[PDB]
Every structure is written in C-alpha cells, then in structure tokens.
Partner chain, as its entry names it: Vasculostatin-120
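As structure tokens, one chain now follows by itself in the form deposited without its partner chain.
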C-alpha cells in the first residue's frame, strides 16, 4: 500500500507523492510500480543505497529542497529508465561520489543547482550519453577539469553560472558537440584557453559576463560558427592593442552582443569596444604582458 502520509495514484503515471510532510528519511515501502517519486520539501538528510531499488520503472525522482548531506554511491544503481533526477536546493550536500550517476543511460535532465558542490570529480558524468540538460549553477566550483563532460554528446544546455571558476582549460568542454546554450557568467574567469570552444560549433548562446576577463583572444570565439547571442559585459576589458583581434571578430559578428565595456584606459571608460574605431586601440594601456605591449 501507500506509505506514511504519501499520496499514491496511477494516472497519468504511477506516482508516489510525499512532499512537505516533515520527512527526516526516505520512506520505506515505496510501491515497486512507482514511475514517479516526489520527495521534495522535506528534511531528508541521507539517501541510503536501498532507497529506490524496488522501483524498476522509475523515470522521475525529485529530492530538491531537503537537507541532504550525503548520498550513498549506490543510491541510483540499476535505475536504468531514470530520465529526471533532481537534487537541487540542498546547499549542504557539498560532495557527490564520482560513481553516483554511473549506469544512468536514459537520464535526460540532472538538477544539481544550489548544492554547495565543491568540485566535479573524475568520471562524475561518465556514460550519460542521453543527458540534455545539466544544471550546475550556484554551487562552489573552483575548477573545470579537462574531459569533465566528454561523454555528453547530446547535452544542449549547460548552466555553470554563480560559481568561482577561475579559468577555462583547453579540453573542459571537449565532446559537447550538441551544446546550444553555455552559461558561464558570475564566475572568476580570468582566462580562456585559445581552443577551449573547439567542439562548440553548434553553440547559439554564450554568457561570460560578470567575470575577470581583461582580454580574450579572437581564437577563443572563432569556432563558434553558430553563435547568435554573446554576453561579455561586466568584465575589466583593457581596450588597447591587445583588444584588436577581439575587436575585429566583433566587427564581423552577425548575432547579438552585449556591451563590451572598456575598463582601461580611462579616456575610453565604459565605452563599447565593439563601437570603437580601430585607431582608438593603438598603444599599450599598461606599458603576463601581451605581445603588442612588448614590441
């Protein structure tokens, strides 16, 4: 039967619904035929291995807005039909065992926003070949290691804003051939490797505003042949000789772009790099140092 104060019904999908009823733990005796399990808004602190293993046909599991501090690495083992997993708004989770998501080959959406996550461990997203949406915003990430998303060939939306990512290495986004939207704003990005976006030929939206970029090689943006929306505002852009390549790329860009506000030199403060004449970019505003500032 139906456990605790949960509500169980069959249409449109077999559902076990137990939201906001003061649960401290995952209830036992969840009906095995459950296709959807809603446990959001309680005070659940742990997800043991045995939690959902009877539920063969499970496709949707919501655990957002709880008090999750730990998830057993075997919590979601054998849930081969799982399509939606929501662990968001558990700000004290901090860490997910790198094997937690292994075997989830039907997973389409993974909500990990506002989980206080400190890092993306090796192999955390291995084998998630069906994943389309990955929410990682508003965590505590301080790195984007190479090949973190290597197997995510069907991913279309990747949200990484509201972290503390300091830089983007060459192969951080390797394998993301289907990616359409990449949100990297409100981080600490000080540099992007020249070939970091090589595989993003189908990207349509890129947000990089509210970071720490003083410059960006044109090579960074060159592979983004499908780009339609670009945001680069709220960065400390240096509008001198080092900006000439980005300037030139911007002149030919047919999409929509934010302001690219100059921070230096003072005479160009808050004017748009995009809207400057090439003659404004002569010289060096500093006089670690870019090539044109050495010659």
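Residue numbers count along the first chain shown, from 1.
This next part talks about the form solved in complex with its partner chain, which is not shown.
- The putative spot formed by 114, 207 and 230 is fully lined by its partner chain in the bound PDB entry; each residue has a non-hydrogen atom within 4.5 angstroms of it.
- This chain is displayed alone, yet in the bound PDB entry one of 125, 159, 76, 197 has a heavy atom within 4.5 Å of its partner chain; that residue is 159.
- Taking 189, 183, 172, 176 one by one, only a single residue has any non-hydrogen atom within 4.5 Å of its partner chain in the bound PDB entry, and it is 183.
- Contact check for residue 254: a non-hydrogen atom falls within 4.5 Å of its partner chain in the bound PDB entry.
- Though the partner is left out of this view, residue 258 does reach within 4.5 Å of its partner chain in the bound PDB entry, counting heavy atoms only.
- Partner proximity in the bound PDB entry, defined as non-hydrogen atoms within 4.5 angstroms of its partner chain, places exactly one of 222-230, 46-54, 23-31, 237-245 at the interface: 222-230.
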